[PDB]
Amino acid sequence: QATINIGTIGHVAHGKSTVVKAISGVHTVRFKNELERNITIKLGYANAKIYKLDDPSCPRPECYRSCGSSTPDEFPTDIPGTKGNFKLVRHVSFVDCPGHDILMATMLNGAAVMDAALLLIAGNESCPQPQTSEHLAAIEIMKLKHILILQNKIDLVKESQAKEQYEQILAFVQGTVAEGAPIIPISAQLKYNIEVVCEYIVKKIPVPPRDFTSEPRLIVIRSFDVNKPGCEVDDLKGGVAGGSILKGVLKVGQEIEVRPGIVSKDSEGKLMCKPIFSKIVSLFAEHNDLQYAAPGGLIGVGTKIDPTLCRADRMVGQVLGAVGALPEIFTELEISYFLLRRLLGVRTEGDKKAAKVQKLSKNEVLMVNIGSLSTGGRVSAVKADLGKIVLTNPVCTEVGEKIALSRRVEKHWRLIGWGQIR
Amino acid sequence: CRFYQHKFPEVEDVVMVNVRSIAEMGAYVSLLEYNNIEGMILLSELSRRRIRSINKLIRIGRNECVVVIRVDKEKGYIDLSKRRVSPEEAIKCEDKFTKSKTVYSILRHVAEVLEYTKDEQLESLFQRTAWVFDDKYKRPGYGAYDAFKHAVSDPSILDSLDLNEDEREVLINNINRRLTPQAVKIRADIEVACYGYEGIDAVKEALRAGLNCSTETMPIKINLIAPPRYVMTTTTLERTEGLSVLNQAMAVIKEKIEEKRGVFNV
RNA sequence: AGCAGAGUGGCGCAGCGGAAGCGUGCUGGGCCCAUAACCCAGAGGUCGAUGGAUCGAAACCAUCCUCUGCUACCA
């Protein structure tokens, strides 16, 4: 099951595996592994079990003592309390995003459907620390702000370096406040300072207020198949979409529609798209039986699709609405938008740059990330906060919603701005 | 013993020899494709070039195909040549060699089930059975093998000619071991696309009756190499007429899946 | 899972249903006043297992395993 979706977002170089294993005791994995010489840039999957033993510490599976691993020469230690049958509090789910600054668009998609996050900040690199702030700002805009920061290393990092960094971060974030919950410097190199984190993470972090009594909308981000050849057992009860719910609640047996649609025979016009319909077979999480899918949670919705469509990563952000609901099928759409007051995505100490993002101009192709979908469209009319865009494939406008706007700064996209559909 | 209808090779025939001696006139060699008699290869017919001396391309203890240039009819001198010869003739002779080997391997067990001190034992078997098989067909390279292969799978040669009480066992063994399995590499090209939800059950029905004239289940071999691909080796035994079963079965499967929101070739 | 190769007899390619075949390299001899080129001579040897025909099987044909290649891929 999943009750809260905690993300493990960070940026290029500081170790994802070391810090995640220190807090949870869980290592993430994605097939075709490959286990890197840097951070996990795979789209890892993981769930975890969150227990209490009525101690200031949070149990692992080994609930009397727990010996971590990051080197075999030393024996890392974590505290899981003293035992007398360890009580399951809930089953929590994680979202390991692909790391690095460049993976911003995917990080955005995943962020937009996960309740909370754990911002793995570094300390052994750049003092203004660009990406940490970038992340925080996007998060505060979408509607969430209960984030709990973890400072990965302080052992390798000297206390002068870490101090200069703390000054520069606190001076950059003069416009962004989304870290008003505590900032816990920890060790991940030594895997220590865990015990105060254990008291904190059950206290400070519920699901930040969301509306789940509205209309079911599911956003699938990860692709799962299913099951075991065959041949003939085969043909299947079928193919599983890893999606999170950000609005409403999906109950079992519901019919659900994937809403960007498929376009009617031949493309010569530009209207219309027709949603595709699939009934929900099962609402599967962990290795534990369920028939429900708690909202604000990452759930495996088995639908009667075939393995072939989920064979690898093939779904990264599709919007699914249930059922008989009507999102409007615009072909030309009126976007309101705003831009960041810095150009943030890449930063250097040569001061190049933090100049305000250049405006939009007509007859330019721009990426509109609407929902977790990423469609392309050209701007036909251009006023500062009212552009009219004509889209290549029609766009389902669910609600007034949000958008994320990115620019190819010089060789890859970087987050520049946001806004809302109208 | 002979290994051909005659004990006398013809003139201009493709033959096989085994190098066993080197003469001052060439190389004295025995034949191993007819009766085993002496034949002289000549050192002026080895090649049409520069021979600064080879015992490392032509050497003792190797079966080599060659062409009989001349035969002295009553003196038994089988003159031989490699001056005009081609690889193609070697292939044709290799075929005869392999067929003779399998027939003789069955008909050697027969000779070891009998006790003999007369060379003529194998000859007796040869004259009565072999000739009527081979005279009609032996120009492509055929011998008794076609008759034998037909005989095990449909008796009609063991009802027209003598049956020994130990030939049959060995005959069955060498045919059924070496030419069963026995073989095709046919594949049915099948792909599946569904955007409905009843495609899963649709495919199962289509597979089990991809050809009419079944009880309710075909004796095909479904294979899953990947999820959309259903490879069907059809009419499996040896396959000699399951080409139409294979071809038309693909059309059935493509139609059944197209109803469930698939789009496929017409 | 499907397909391909190998499980050396120095190397590399592995010849075919009667056993290292070829090229190369190594080791030794010859040729010449001498060296190259050139010519000969080598070298313990079911070539992973389970089976069947066999006078024999890396090689005649199956069933398996292992290591890798291609398709892919359940994870």
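The rules behind each value
- Residues numbered from 1 in each chain as written, not as in the entry; some residues may be left out.
- Chains lettered and ligands numbered in written order.
- Part of a larger assembly, values for the part shown.
- Heavy atoms only, no water.
- Domains from an automatic or database assignment.
- Contact = heavy atoms within 4.5 Å.
- Buried area = accessible area lost by both parts, 1.4 Å probe.
- Salt bridge = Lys/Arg side-chain N within 4 Å of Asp/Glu carboxyl O.
- Helix = DSSP H or I, 4+ residues; strand = E, 2+ residues; numbered from the N terminus.
- Polar contact = N/O pair within 3.5 Å; in protein donor to acceptor, adjacent residues only side chain to side chain.
- Nonpolar A, V, L, I, M, F, W, Y, C, P; charged D, E, K, R; others polar.
- Pairing = 2+ DSSP bridges.
- Axes fitted to C-alpha atoms, helices over the stretch in contact; angles between N-to-C directions.
- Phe/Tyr/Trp six-rings, centres within 6.5 Å; stacked < 30°, edge-to-face > 60°.
- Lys NZ or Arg CZ within 6 Å of the ring centre and 35° of its normal.
- Near = heavy atom within 4 Å.
- 1 Å grid on protein atoms, 1.4 Å probe; cavity = no way out; pocket = protein on both sides within 12 Å on 5 of 7 lines; lining within 4 Å.
- Points joined across faces, edges and corners; volume = space filled by probe spheres on them.
- Buried < 20%, exposed > 50% of the residue type's maximum accessible area, 1.4 Å probe, protein only.

Enquirer: Kindly report on the domain arrangement of chain A, identifying the contributing residues and their values.
Expert: Frequently, the measure chosen for interface size is the accessible area that the parts lose on association. Residue and element names in this part refer to chain A. Split by domain assignment, chain A resolves into domain 1 (5-204), domain 2 (217-321) and domain 3 (328-421). With centres defined by C-alpha atoms, the gap from domain 2 to domain 3 works out at 28 Å. With 12 residues of domain 2 at the interface, the matching set in domain 3 holds eight residues. Of the roughly 1100 Å² buried between domain 2 and domain 3 on both sides combined, carbon and sulfur atoms contribute 72%. Viewed at the interface, domain 3 and domain 2 are joined by zero salt bridges. When contributions to the side of domain 2 that touches domain 3 are tallied by element, the ones reaching two or more residues are β9 (217-224) and β11 (255-263).

Enquirer: Requested: an account of the domain arrangement of chain B, with residues and values cited.
Expert: All names here are of chain B. What the domain assignment reports for chain B is domain 1 (13-87) and domain 2 (88-179). Of note, the centres of domain 1 and domain 2, computed from C-alpha atoms alone, are 28 Å apart. On the domain 2 side, the residues contacting the 10 residues of domain 1 number eight residues. In this assembly, domain 1 packs against domain 2 so that about 860 Å² is buried in total across both faces, 59% of it on carbon and sulfur atoms. Its largest share of buried area at the contact with domain 2, domain 1 owes to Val 14, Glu 33 and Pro 87, together 55% of the area lost on that side. Connecting domain 1 to domain 2 are zero salt bridges. Scanning the region where domain 1 abuts domain 2 turns up six residue pairs in polar contact. Those elements giving two or more residues to the side of domain 1 that touches domain 2 turn out to be β1 (14-19) and β4 (63-72). Ranked by residue count, the leading element in the side of domain 1 that touches domain 2 is β1, at three residues. Split by residue class, the side of domain 1 that touches domain 2 holds eight nonpolar, one polar and one charged.

Enquirer: With reference to specific residues and values, describe the sheet that holds strand β5 (residues 87-96) of chain A.
Expert: Residue and element names in this part refer to chain A. The six strands lie next to each other as β2-β5-β1-β6-β7-β8, forming an open sheet whose pairing is mixed. Both edges of this open sheet fall to β2 (45-52) and β8 (183-185), since each of them pairs with a single strand only. Strand-to-strand twist of the sheet, defined as the mean angle between neighbouring strand axes without regard to direction, takes the value 25 degrees. Pairing between strand β1 (residues 5-9) and β5: four bridges, direction parallel. Across the sheet, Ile 6 pairs through a bridge with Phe 94, a residue of β5.

Enquirer: Hey, could you go over the sheet that holds strand β18 (residues 386-397) of chain A for me, with residue numbers and the actual values?
Expert: All names here are of chain A. Reading around the barrel, the six strands line up as β15-β18-β17-β16-β19-β20 and close back on themselves, with antiparallel pairing between neighbours. Adjacent strand axes in the sheet meet at a mean angle of 45 degrees when their direction is disregarded. Of the strand pairs in this sheet, strand β16 (residues 365-370) and strand β19 (residues 403-408) are connected by four bridges, and their pairing is antiparallel. Residue pairing in the sheet places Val 368 in a bridge with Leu 405 of β19. Along the sheet, helix α2 (residues 104-111) contacts β16, β19 and β20 (413-421); its crossing angle with β20, the most-contacted strand, is approximately 35 degrees.

Enquirer: Before we move on, could you go through the packing of aromatic side chains and cite the residues and values that matter?
Expert: As enumerated under the stated definition, the model contains seven aromatic pairs over all chains in all. Ring geometry for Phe338(A) and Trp418(A): centres 5.9 Å apart, planes at 35 degrees, overall tilted. With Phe338(A) in strand β15 (residues 328-339) and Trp418(A) in strand β20, this pair connects stretches of sequence that are 80 residues apart. These aromatic residues form a ring-pair network of at least three members: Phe3(B), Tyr104(B) and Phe126(B). Between the NZ or CZ atom of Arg342(A) and the centre of the ring of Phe172(A), over which it lies, the distance is 4.8 Å. One residue, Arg408(A), lies across the ring of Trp413(A), its end atom 4.7 Å from the ring centre.

Enquirer: Help me get a handle on the protein's contact with RNA strand C, residues and values and all.
Expert: Taken together, 33 residues are adjacent to RNA strand C, and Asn227(A), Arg59(B), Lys101(B), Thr102(B) and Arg178(B) come closest. Backbone atoms, meaning sugar plus phosphate, form 69% of the atoms of RNA strand C positioned within 4 Å of the protein. A distance of 2.5 Å is found between a phosphate oxygen of RNA strand C and a side-chain nitrogen or oxygen belonging to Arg59(B). Taking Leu224(B), its main chain carries an N or O atom lying 3.2 Å from a sugar or linking oxygen of RNA strand C. Of all the secondary structure elements, the ones that give two or more residues to the surface near RNA strand C are α1 (87-109), α4 (167-178) and β6 (221-226) of chain B. It is α1(B) that contributes the most residues to the surface near RNA strand C, six residues altogether. The residue inventory of the surface near RNA strand C, partitioned by class, reads nine nonpolar, nine polar and 15 charged.

Enquirer: Help me get a handle on the layout of surface pockets, residues and values and all.
Expert: All names here are of chain A. A volume near 530 Å³ is recorded for the second largest pocket. If you trace the second largest pocket, you find 24 residues lining it, with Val 258, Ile 305, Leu 309, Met 315 and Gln 318 closest to the centre. Of all the elements in the fold, those that place two or more residues in the lining of the second largest pocket are β9, β11, β12 (273-284), β13 (298-303) and β14 (318-321). When residues in the lining of the second largest pocket are grouped by element, the largest group, five residues, is from β11. Broken down by class, the residue content of the lining of the second largest pocket amounts to 16 nonpolar, five polar and three charged.

Enquirer: Go over the pairing of strand β7 (residues 229-233) of chain B with me, naming the residues and quoting the values.
Expert: Side-chain positions along a regular strand alternate between the two faces of the sheet. All names here are of chain B. Among the five residues of β7, five are classified as buried, and the element is accordingly described as predominantly covered. Burial along β7 is two-sided: the residues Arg 229, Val 231 and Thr 233 and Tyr 230 and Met 232 are all buried. Pairing of β6 with β7, which is carried by four bridges, proceeds in the antiparallel orientation. Paired with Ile 222 across the strands is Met 232, a residue of β7.

Enquirer: Describe in detail the interface of chain A and chain B, supporting the description with residues and values.
Expert: Every contact between the two is made by 12 residues of chain A and, on the other side, 16 residues of chain B. Counting each side, the surface lost to burial between chain A and chain B is near 1500 Å², with a carbon and sulfur contribution of 61%. In terms of surface lost to chain B, no three residues of chain A exceed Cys231(A), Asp235(A) and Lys304(A), which account for 37% of the buried area on that side. Inspection of the chain A/chain B interface yields one salt bridge.

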